[PDB]
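The chain below stands alone, shown as structure tokens; this is the form deposited in one PDB entry.
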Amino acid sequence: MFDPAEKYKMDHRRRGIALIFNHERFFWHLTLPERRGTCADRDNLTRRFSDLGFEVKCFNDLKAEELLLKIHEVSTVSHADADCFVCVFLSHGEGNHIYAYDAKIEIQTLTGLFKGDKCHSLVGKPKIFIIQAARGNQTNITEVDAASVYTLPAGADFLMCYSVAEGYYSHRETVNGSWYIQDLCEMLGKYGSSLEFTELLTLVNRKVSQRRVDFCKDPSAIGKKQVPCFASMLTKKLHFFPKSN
């Protein structure tokens, strides 16, 4: 009795945790620009994910050691009573690395912690990573970075979500925050509870691609489009229906 309309079970006592690593400054000797606007993203996400029933936990400007500890901590805690896990990175990145305050971190190792091997509590449950990261270029101005981070998948039941794809460009308003996050959170607010999540992520792909970049106050920032992607290795439909309590 193989079922095509089959959903992940989102009926556990609690929804689960949403981690937000939020990097705005970096160690001088990396020569990486302030991400002015990232707090907008952090707060906006914190709201939308709280409203979907996540225990949200933000961490501003962790060093590597500090970060790996917090995320290892979370992997080893029991998620037995939780629907799913979410993790979000607002930073800079190159290839398969995210930037902590002090140095870069292999994404593989962070996702590697929730691989069913290493985190039994989350085997068979969706593990969403959302990554607003790009190459730091050097009232409310729009700053624009080149795509830099590889749009890798992880393992089974992981959904990797990316602000921008290879070739394209990533925009952040210094007050309103990243385009990706603005539009993501708009969709979460409107449709989070009703829509299948990938269906929604596709709405975000539309919303962001459709942002016009022809008439721009910077001459050199003209014709730099943004197209986000996502790499689903999910095996079922994913809905965030209101939990009864």
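Numbering starts at 1 and runs along the sequence shown.
If you look for the form solved in complex with a partner chain, you will not find it shown, but the lines that follow are about it.
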### Task
Tell me, yes or no, whether residue 88 is in contact with its partner chain in the deposited bound form, where a contact means a heavy atom of each within 4.5 Å.
no
### Query
Does residue 59 make contact with its partner chain in the deposited bound form, using a 4.5 Å heavy atom cut-off?
no
### Contact of residue 109 with its partner chain in the deposited bound form (heavy atom, 4.5 Å)
yes
#### Entry: 4.5 angstroms heavy atom contact with its partner chain in the deposited bound form for residue 39
no
